[PDB]
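To start, the structure itself, in structure tokens.
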Amino acid sequence: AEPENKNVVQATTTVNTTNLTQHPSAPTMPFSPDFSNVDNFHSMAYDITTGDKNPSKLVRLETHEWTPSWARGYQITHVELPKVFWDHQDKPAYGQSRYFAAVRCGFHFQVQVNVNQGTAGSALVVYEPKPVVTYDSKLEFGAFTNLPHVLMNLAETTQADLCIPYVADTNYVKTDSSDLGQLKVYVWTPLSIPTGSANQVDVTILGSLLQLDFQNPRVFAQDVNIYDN
Amino acid sequence: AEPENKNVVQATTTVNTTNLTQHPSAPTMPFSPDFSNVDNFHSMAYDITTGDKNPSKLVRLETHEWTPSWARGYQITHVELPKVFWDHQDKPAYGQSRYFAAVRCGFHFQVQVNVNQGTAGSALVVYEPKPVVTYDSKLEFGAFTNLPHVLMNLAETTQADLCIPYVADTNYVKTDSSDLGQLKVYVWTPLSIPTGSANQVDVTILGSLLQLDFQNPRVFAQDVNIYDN
Amino acid sequence: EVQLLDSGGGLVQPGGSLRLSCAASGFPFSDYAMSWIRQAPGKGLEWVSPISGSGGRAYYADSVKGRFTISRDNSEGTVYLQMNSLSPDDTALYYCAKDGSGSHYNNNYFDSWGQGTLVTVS
Amino acid sequence: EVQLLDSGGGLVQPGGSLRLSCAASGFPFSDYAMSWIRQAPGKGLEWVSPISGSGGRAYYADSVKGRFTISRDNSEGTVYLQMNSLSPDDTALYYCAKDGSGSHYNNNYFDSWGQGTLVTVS
Amino acid sequence: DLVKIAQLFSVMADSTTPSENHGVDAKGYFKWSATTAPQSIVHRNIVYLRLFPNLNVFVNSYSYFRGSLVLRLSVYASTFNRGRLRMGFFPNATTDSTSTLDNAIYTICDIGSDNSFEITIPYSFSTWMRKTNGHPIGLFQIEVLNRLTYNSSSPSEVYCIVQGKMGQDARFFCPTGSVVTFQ
Amino acid sequence: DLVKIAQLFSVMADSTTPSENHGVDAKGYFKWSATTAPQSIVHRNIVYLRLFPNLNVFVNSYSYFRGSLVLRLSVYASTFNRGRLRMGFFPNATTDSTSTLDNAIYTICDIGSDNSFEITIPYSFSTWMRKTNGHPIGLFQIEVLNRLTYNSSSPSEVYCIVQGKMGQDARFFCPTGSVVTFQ
Amino acid sequence: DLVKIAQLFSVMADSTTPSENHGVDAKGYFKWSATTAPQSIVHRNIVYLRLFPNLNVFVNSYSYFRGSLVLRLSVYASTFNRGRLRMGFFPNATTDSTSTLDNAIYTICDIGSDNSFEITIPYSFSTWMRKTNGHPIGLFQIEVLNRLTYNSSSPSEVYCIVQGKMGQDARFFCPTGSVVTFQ
Amino acid sequence: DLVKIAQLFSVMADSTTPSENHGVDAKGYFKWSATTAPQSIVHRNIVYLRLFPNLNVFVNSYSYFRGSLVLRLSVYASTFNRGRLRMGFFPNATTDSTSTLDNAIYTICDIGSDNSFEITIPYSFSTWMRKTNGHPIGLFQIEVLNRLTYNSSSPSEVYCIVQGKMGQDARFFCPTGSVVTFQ
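Heads up: the sequence lines are chains 2B, 6B, 6D, 2D, 1A, 3Y, 6A and 2A, in that order.
Heads up: the first sequence begins at 1 in the authors' numbering, then just goes up one per residue.
Heads up: the second sequence begins at 1 in the authors' numbering, then just goes up one per residue.
Heads up: the third sequence begins at 1 in the authors' numbering, then just goes up one per residue.
Heads up: the fourth sequence begins at 1 in the authors' numbering, then just goes up one per residue.
Heads up: the fifth sequence begins at 1 in the authors' numbering, then just goes up one per residue.
Heads up: the sixth sequence begins at 1 in the authors' numbering, then just goes up one per residue.
Heads up: the seventh sequence begins at 1 in the authors' numbering, then just goes up one per residue.
Heads up: the eighth sequence begins at 1 in the authors' numbering, then just goes up one per residue.
In structure tokens:
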């Protein structure tokens, strides 16, 4: 579209900052809008839901630096994001949260990268579900855009938002064993930096983990710790 | 009164247990009911308030064991309770909470003791405010019942609830320096155990810290940690 | 293999305060209960205090009560004794020791002692 | 007074994995950044990885990248290197070392080394 | 229905009971004695579906859910003994602990003539059903806090028997081999 | 009123600025360069009332509150430079930190033509007023995340100037010695 | 008002208490033991305004009247102890005595669960106000009659704490040097 | 339905791509470089149903029609690169050629921010369905015309990924062995 594109640009705001893009590549937006539904079979509509400040803050994760130089031809990890948090980032409120019941997780993801007008070569991000995950067989790379694919254009934007609802028909899951959304942020083609651009694509991966359901009561507080496995 | 007394007995319930007394001695109940008000001058009605599950759970503190043997003639510490938590008990959700703005604290306190029908000799608990606090000069002991005094009777009850609203005209305070309510649970006269009673008065001190206001925004999550001093 | 290393003891004036430390290794420190026991010249062994796992319940002997304070740092797997209000009766060689409850009983047997730090309160 | 004590290194097969440990003392460990540097027979010193305070950002050298993992335990004031994918180029004496940024600059000078643990990947 | 049977507030192992052996007997009973201090732990009971006997046959005869888990205690105190504890008494398999557990489901009981409490545990679990497998559905912890208080008195020890129930759902699912039976 | 002056979105020390000495100059400006990684900290600014100059005179001329603290940034980027950070940018004197700060007040900015942000800090403080004393009202932290992105380009470095404002309350209280003046 | 403070049913010296020294402590407490006979006198407390401490500051800070004098007792009995006394408990400065005192203001209490009585003394005095001077406003006497009755039991001794209040008038008059204060 | 999957605008082999091997990768991508002249041919992609992988499984799982064939391209240009081609992009198996192809279905695209085109090929075929057999359903040709235009700039090369879709008919017919599966 019209650059600066509608679906594009974009804005995510909460405490206590407005953070404004140049804009989401595109958007990996919401398609045929199939969530399955927040309540499905599964939740009786029974389930314990959240939607509390810590998760919607951010994943605020750090992302992998892509350079001119990887190609083309590249995967990513999954950033299961709760998995990420449990291993790393942990987001004290997050630690307390992790310390619960099967979760109902949507994403809601932001990826911000900025080299400068000088840089060109996108990175194709992907939404594939529970990850069988092997880096070879580029056929997988060919096979997605089918799952949430927003896009990064150094030459056209500094911020990508990829939202993801919830996979796993199970409508709620056990975390230490399973992995719901794996959001891959990969390059299809690589960035190449001429002099008139910024010397740095440090990737950042923000998520936003939205509307997460949990099904036992336990104790869930905004500290973290308790009693998972 | 009529034993089992109305004002008495008493019941405090939340997740996930009903806990039932034989009854609050009496009650240190609420008098001329002067709080000052939840909103005073002070809070514009501006202030950030709580009333969240962790505090109302319990202080759940442990209390000092009083025996036959101390007399008469005895103080207690203050159980500022937030002070207690910061030093000890810490109640992860509590740690996260402590890690904020001046607080608006009421108590709401439960003290449970039980020896058996065999035991007799009360312990007089007290509500005095910010504590200048020296154990001698028994004159202080004489001077209170004037501040929240519920009472313990081993011979008549196993549970005391002392509620306390908020002292310090300041209507909100800074914690590391000041001490709002100091709730003293002291004996006026000592318990004496004959054989037909239980061999144990282990005191427990529960609080319940109710309707606590905090005035900066910071970050307050149900984890604990942040950024106090 | 349990290595309990103790520092911090030295000559102190009466009314003084020391902080003994004992650091542990080769065992999951934060599961085990830990005690300090002392040994006076011309005397046998007296257990002084022990602390329970999470740094939860601690108990003391009546002699030591309000004067001594026991604290664990689990993040560095260390044990602390803060000795306030020192009197000559407190002169001793202080040992840190590590106890275990075995399976599901209530006895705590010591399985390793440290080397001893001397506190001369004179 | 800084005491950095290192264990865990031993002879290992290629394709093997070791876990080195280094424990610190006499400094506020959890404020300082910490690095591992190695020294190959017939070679000078190469910085391998460093970790930042909270166990936050860590950096590695390109040789070591995905094979080695650096982790701190601040509660017991310890430093860990998990060496996966061992090759003979990794044979060396490994030292743990403690760096400081001084006042408010960006350089991190080492102020104390440990004694060295040997890793023979052969 | 099967449910009243599993249901109608049964009594429990819970654990193996340092027995008299009163602890078969018991089952329902942790011990209540006076104590050197009150806060110290005396119990830690593990719940499944499998394990403790009444739960066992039902659980094998099905392998899914519907339910909740109500544990209501009763006391054999005297005039003369009294008592108080608090019991967690814990869903699913968390923290293993003091405060975490207090943070849990909650009941505060007086053990005087009330002679009954409701501490109900819910299955707070990622999925509506957990299947019958070995590691654990999760722990129920009890803490006896303050003993008994007293008289002359009653021989000292006091005991409780725990009660077990689920709602809301009464109804499960998928039948499977029931523990009792022939061949 | 005095307030527009303190108020009308001023610019800030904030800190002493590793100067050129551009950092007087600056003041408002942390640095924006590319970076070896993006997440690493480059700043940590301390706020009072006292300290950084525009804040100083006002603060001495009063010693109470009414207010909030708005810091809105502006950028001197190019076509060619770009940039993003996130700034905390922190009330009162907490955690000192990454996530704790992100947990804070919040703004996410794009530094392209927008050329302005609102990161407003509130005084989240036990009492409505804090008096002028030495230790600290609390920290404002900035994190530059990702640099600049680019062109050919722009000499590499990019800079921001921070802006400072309070509402809601515009109005304070108690006048006291104002920093400027005669004798 | 000042009155709630003097007022809000305070506890009393009353006398110096053959102490433990529980009798500071006490204060409120005469002793309750069994007795060889029941009628014998054990107490004789003198009231002023001056003397016993809570009364003292108030009395110095004023030197007139409005008031009445309510003394309401409370008991620390057990199942097992019981008790009864009668207390006079005496206006103004009469007879010093048995029957004369019984003839007085009057309360008859059961000391079982009631745990409170109202024996209120009035100032029956020629003038509305008595000023603060040395000899005496008058005596309060207590008589413990029958002890305690019992059990196994409770260590034997039982104690009471007396309570003090005035109406009707809450309000006095003429302020004067208050006991507490600076210099 | 199966159709969204075949359907939801997929990306394509198309050909084997003189690879980097970026050309697996690619797939969707012909190359965009500058050129000595602009009109010269650089591509000639053959379409079936069989061949290029996403098309393959679907095609084996059915062997008839309903459909159309939409190929919509996207571009990774920069400020700095630009570009234009025209793509045929060809039904069924004609002329193999320049003008014949231009004569074909048609799209003219600008490759600037539009980042998407619709070149849809129809099956213009004697019968509604073509079955899965070896020789060819027909060619898709691309012509890159004019390169890229520019800057400083972008490393020179620019690439496109082609997109594939059919309507109108979404729905086919006759299921047959699907490429994926077990045994």
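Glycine included, C-beta positions come from ideal geometry on N, C-alpha and C.
One or two residues paired with residue i in a DSSP bridge
| i | result |
| --- | --- |
| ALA104 (chain 2A) | Paired residue(s): none; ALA104 (chain 2A) is not in a bridge. |
| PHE140 (chain 3Y) | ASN45 (chain 3Y) |
| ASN229 (chain 6B) | Note: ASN229 (chain 6B) sits in no beta bridge, so no partner. |
| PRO175 (chain 2A) | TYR62 (chain 2A) |
| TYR94 (chain 6D) | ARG38 (chain 6D), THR117 (chain 6D) |
| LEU69 (chain 2A) | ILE121 (chain 2A) |
| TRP32 (chain 2A) | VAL158 (chain 2A) |
Minimum Cβ-Cβ distance from residue i to chain 2D less than 7 Å
| i | result |
| --- | --- |
| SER75 (chain 6D) | yes |
Minimum C-alpha distance to residue i - residue among the options
| i | options | result |
| --- | --- | --- |
| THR13 (chain 6B) | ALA77 (chain 1A), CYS109 (chain 1A), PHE182 (chain 1A) | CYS109 (chain 1A) |
| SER17 (chain 2D) | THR91 (chain 2D), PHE27 (chain 2D), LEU5 (chain 2D), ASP62 (chain 2D) | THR91 (chain 2D) |
| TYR166 (chain 2B) | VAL150 (chain 2B), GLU80 (chain 2B), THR158 (chain 2B) | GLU80 (chain 2B) |
| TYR76 (chain 2A) | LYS31 (chain 2A), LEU85 (chain 2A), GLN39 (chain 2A), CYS160 (chain 2A) | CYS160 (chain 2A) |
| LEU124 (chain 2B) | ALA26 (chain 2B), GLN22 (chain 2B), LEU58 (chain 2B) | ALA26 (chain 2B) |
| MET87 (chain 2A) | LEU101 (chain 2A), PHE80 (chain 2A), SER33 (chain 2A) | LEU101 (chain 2A) |
| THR67 (chain 2B) | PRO194 (chain 2B), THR77 (chain 2B), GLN96 (chain 2B), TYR94 (chain 2B) | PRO194 (chain 2B) |
| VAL48 (chain 2D) | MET34 (chain 2D), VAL121 (chain 2D), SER112 (chain 2D), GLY9 (chain 2D) | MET34 (chain 2D) |
| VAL126 (chain 6B) | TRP188 (chain 6B), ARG60 (chain 6B), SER177 (chain 6B), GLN159 (chain 6B) | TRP188 (chain 6B) |
| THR98 (chain 3Y) | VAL3 (chain 3Y), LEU73 (chain 3Y), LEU139 (chain 3Y), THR79 (chain 3Y) | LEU139 (chain 3Y) |
| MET83 (chain 6D) | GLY77 (chain 6D), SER71 (chain 6D), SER75 (chain 6D), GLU1 (chain 6D) | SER71 (chain 6D) |
| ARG19 (chain 6D) | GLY26 (chain 6D), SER25 (chain 6D), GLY10 (chain 6D), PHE27 (chain 6D) | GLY10 (chain 6D) |
| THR63 (chain 2B) | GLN117 (chain 2B), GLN200 (chain 2B), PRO131 (chain 2B) | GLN200 (chain 2B) |
Cβ of residue i within 7 Å of any chain 6B Cβ
| i | result |
| --- | --- |
| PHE125 (chain 3Y) | yes |
| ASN54 (chain 2B) | yes |
| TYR48 (chain 6A) | no |
Cβ of residue i within 7 Å of any chain 2B Cβ
| i | result |
| --- | --- |
| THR98 (chain 1A) | no |
| residue 185 (chain 1A) | Beyond the ends of chain 1A as shown, which are 1 and 183, falls residue 185 (chain 1A); an answer cannot be given. |
CB contact check: residue i to chain 1A, cutoff 7 Å
| i | result |
| --- | --- |
| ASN37 (chain 2B) | no |
| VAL167 (chain 2B) | no |
| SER78 (chain 6A) | no |
| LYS130 (chain 2B) | no |
Within-7 Å CB hit, residue i to chain 6D
| i | result |
| --- | --- |
| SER33 (chain 1A) | no |
| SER40 (chain 1A) | yes |
Interface flag, residue i vs chain 3Y, CB-CB below 7 Å
| i | result |
| --- | --- |
| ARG57 (chain 2D) | yes |
Residue-chain proximity (residue i, chain 6A), Cβ-Cβ < 7 Å
| i | result |
| --- | --- |
| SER152 (chain 1A) | yes |
| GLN117 (chain 6B) | yes |
CB contact below 7 Å: residue i versus chain 2A
| i | result |
| --- | --- |
| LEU191 (chain 2B) | no |
Contained alpha helix (DSSP H) runs [length at least 4] in the region 14-93 of chain 2B, N- to C-terminal order: Within the region 14-93 of chain 2B, the alpha helix (DSSP H) runs of at least 4 residues that lie entirely inside it are, in chain order, 82-87.
Secondary structure, alpha helix (DSSP H): runs of 4+ residues fully inside the region 18-61 of chain 2D: Here no run is fully enclosed.
Below 8 Å, how does it come out for the region 95-115 of chain 2B and the region 146-161 of chain 3Y: are there three or more Cβ pairs, yes or no? The region 95-115 of chain 2B and the region 146-161 of chain 3Y touch, with no fewer than 3 CB-CB distances between them shorter than 8 Å.
Does the contact criterion of 3 or more C-beta pairs under 8 Å hold for the region 111-130 of chain 1A versus the region 172-184 of chain 2B? A contact exists between the region 111-130 of chain 1A and the region 172-184 of chain 2B.
Going residue by residue through the region 106-186 of chain 6B, where are the continuous beta strand (DSSP E) segments of at least 3 residues, counting only ones entirely within it? With a minimum length of 3 residues, the unbroken runs of beta strand (DSSP E) contained wholly in the region 106-186 of chain 6B fall at 109-112, 160-162.
Check whether the region 61-71 of chain 1A touches the region 129-139 of chain 1A, taking contact to mean three or more Cβ pairs, one atom from each stretch, closer than 8 Å. Verdict: yes, contact present.
Can you find at least 3 beta carbon pairs, one from the region 82-96 of chain 6B and one from the region 130-143 of chain 6B, that sit closer than 8 Å? Three or more Cβ pairs closer than 8 Å define a contact, and the region 82-96 of chain 6B falls short of that threshold against the region 130-143 of chain 6B.
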